[PDB]
């Protein structure tokens, strides 16, 4: 059976590894480079690792695994009729198609948006790296993991970092925890502008409700937009993401979707860890081992400079400190710099 996978992010890459010893697997990705770790891109940008350390396996490793890897190749249409994927280089037949098309950075729509950078690919990381090497500074607009990772790693490398954020909540956490994360990153050298909204950007900085912040390098990190256009124009139903059932099946026979592009009951997980877990569960399902991925539960650890933080389950309840570095909810936990305690609470 030919399994074709569009996308070689952590979703598609993990799926391919899990299926290649069993099926005839082809991966199609429009980027000209093999799989690289996105969670490590801030580390690269800040100068802590060489660009090559982002690449865990060479092209020969896809070879050794029996995975046909088609790079610098964009899928234009899915011919469900035939059943083939049409790229610009040609046509790729499938018995099973999995869409792992991921997401793009939400683009800013303000006056002066042409001065704002986003971060999604290694190529964005390269441009951001060269811009902060030219300037010695960055302004970050946002405050999910990408913005805080970036700001934390940049400050730790000794760049001037300014972070502009609406409201005062970070990572969807309560205001106490959000303030603690802020304080810890401040001590590291991050200058925060909370309760602050962008009105416009120009060459030399950004205007907010509460003033003008100087910086020629601005990076916007305000969210993602799932890539659903390939599906949409192939007659596959989409909402915010490609609409899947609890077995990752789309509205189209023989077409599945996983990762940042896939939406199940209003949820897109939005992490590499989730994307890889979905790939594993889908691999089990395709191999006739029924499995029920828990779409609700998230558990992930982020590293913002030296600060490691585990966020586990439901943190939307009322929380209580029971030990050093650990706030639990009564169903969830947040753990600062303690992987051991994070594992046992999960």
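Numbering follows the first chain given and starts at 1.
- The stretch of deposited sequence separating residue 330 from residue 331 contains 4 to 9 residues lacking coordinates in this entry.
- Averaged over their C-alpha atoms, the temperature factors of 303-311 and 58-66 are higher for 58-66.
- With 104-112 and 178-186 compared on mean CA B-factor from the PDB entry, the stretch scoring higher is 104-112.
- Comparing C-alpha B-factors across 268, 258, 243, 122 in the deposited entry, the largest value falls on 268.
- Split the chain's modelled residues into thirds by C-alpha temperature factor. Residue 52 is in the highest one.
- Residue 277: CA B factor lies in the lowest third for its chain, per the PDB record.
- Among the modelled residues of its chain, residue 201 has a C-alpha B-factor that falls in the middle third according to the deposited record.
- Placement of the Cα temperature factor of residue 212 within the chain: middle third of the modelled residues, per the deposited record.
- Looking at the C-alpha B-factors along this chain, the one for residue 29 belongs to the middle third.
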